[PDB]
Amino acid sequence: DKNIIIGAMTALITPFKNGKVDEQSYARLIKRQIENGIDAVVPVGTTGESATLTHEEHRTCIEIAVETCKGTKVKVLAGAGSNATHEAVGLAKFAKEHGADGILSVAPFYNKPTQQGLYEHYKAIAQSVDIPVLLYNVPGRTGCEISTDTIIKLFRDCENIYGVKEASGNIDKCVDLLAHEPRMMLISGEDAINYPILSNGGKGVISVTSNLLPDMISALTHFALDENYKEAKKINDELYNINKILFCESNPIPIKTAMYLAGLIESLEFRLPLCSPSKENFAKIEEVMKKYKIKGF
């Protein structure tokens, strides 16, 4: 079998304080995930503003997550993607030496590689490290789609590519993947449809919502894995509202905003071109939050 990283996972926000990553806060937030039943954390993914972080800042976040998760079952699945293969290989290698348990590698954004290019991109990445590699398909952001065929071919040709984080709002593709390759780990990258993905044999979530509600996302995931579909569906339905409003502006603007409103972070800072939401959206976010029980530290 392949080595895998599954279960309830959080795409960690990266808190800033006067432009700099807030390291005490970051560690404090990770610890809060762990104490609320989360199985893995993802430093410096999309939700962690990877695009505007430096290479050094990636290292710092990965190291903090690794350190914090040390001596626990919680794994670190490090964001380590790029639209340049040489960069992506480099980032994977670095994540590996910093002690990450695996990497999440987003499909090349902006330059629209062909399916053949995608295949070689990921093959190079997978052959550069010996840790699990999770594909990440989010065509709304990247402008390309890793086809089911390409995903399956990568799973079958590269030993450490074990699955895909799917953020495409396409349940038909999920059926397709698991009908043809049942050894695949399909991971939900879309909070609103966590349950439908899990009930079709998906094996985890990489969640934005779990930043704010780690206990509910882990319970949902664990219920689903336990084949308690009733309880998992109940949680998924009650979370629908917040799962949508967290995208009323581009992620992670709403989640960071909500984290701040909840007193989980000290200051609401983004790195350009991300910025504070409109005062209207700030209100919409504050409105939905107050309808949920939020765990402190």
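Residue positions are given as counts along the sequence shown, with the first one as 1.
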statement: Of 250 to 258 and 229 to 237, the stretch with the higher mean C-alpha B-factor in the deposited entry is 229 to 237
Between the two ranges 145 to 153 and 122 to 130, the one averaging a larger CA B factor in the entry: 122 to 130
- request: From the list 173, 183, 98, 112, select the residue with the highest C-alpha B factor recorded in the entry.
  value: 98
Modelled-residue ranking by C-alpha temperature factor, third containing residue 187: lowest
message: Using only modelled residues of the chain, where does the Cα B factor of residue 53 rank: lowest third, middle third or highest third?
response: highest
- prompt: Ranked by Cα temperature factor within the chain, is residue 205 in the lowest third, the middle third or the highest third?
  reply: lowest
- line: Assert third(CA B-factor, residue 289) within chain per record equals highest
- prompt: Within this chain, which third does the Cα B-factor at residue 277 fall in: lowest, middle or highest?
  reply: highest
